[PDB]
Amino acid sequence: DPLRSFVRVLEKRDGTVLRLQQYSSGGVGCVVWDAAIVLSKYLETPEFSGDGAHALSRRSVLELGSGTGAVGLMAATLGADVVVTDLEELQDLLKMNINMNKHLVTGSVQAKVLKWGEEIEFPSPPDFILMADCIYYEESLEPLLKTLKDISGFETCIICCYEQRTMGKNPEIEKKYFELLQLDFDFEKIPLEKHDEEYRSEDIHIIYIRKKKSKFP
């Protein structure tokens, strides 16, 4: 197959390997971003995993802006019931990558369309929402934030990973994301030292986010 050379492999701690196609269909290319690799590998760290059953085992996980589905697929191999979401245009790629990794899934995974800011069907709030490199343009602001607010419950653990970009308007977009995020959410950056020892970077950040509860309507 000519497309086999466009597969990106991501090794799991247990020696198995996730294989992510980055092009399909008559459609679109999507890279496996470095931020997705960092987040994926973070999910396999002993400290995130915990003792006994992995932290994600039997938990509901929604990924926003999944792209190749890398992160959500990692979560599915760790026992989560995952929904990977993105634009209509990425659905074929997501489904291909589910089919390439079917044997490694220990929980469940399915692909759905979720365009940020649009009305939701996903009524019950997930245990986790995962995002990798979703903070880079206008939609990453108000529409992404609306989706996060509408979907998350007060117990939802939201984990956001992104690579800091210094080029152009990106520093102002990043600042604004976090300035607006704090209006409806509390957040904290985790230390680099909690990331996977190899798959980490000083310019790639993992942020824990939780919905704020106001006592007044």
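In case it trips you up, residue 1 is the first one in the sequence shown, and so on.
- According to the record, no deposited residue between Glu88 and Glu89 is left without atomic coordinates.
- Between 108-116 and 79-87, the higher mean Cα B-factor belongs to 108-116.
- Once the C-alpha B-factors are averaged per stretch, 94-102 and 133-141 rank with 133-141 first.
- The maximum CA B-factor among the listed residues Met167, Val31, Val61, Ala55, taken from the PDB record, is found at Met167.
- In this PDB entry, the Cα temperature factor of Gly50 sits in the middle third of its chain's modelled residues.
- Looking at the C-alpha B-factors along this chain, the one for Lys175 belongs to the highest third.
- Residue-level temperature factors show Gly26 in the highest third of its chain, judged at the C-alpha atom.
- Among all modelled residues in this chain, the alpha-carbon of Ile206 has a temperature factor (C-alpha) in the lowest third.
- In this PDB entry, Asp150 carries a Cα temperature factor that places it within the highest third of its chain's modelled residues.
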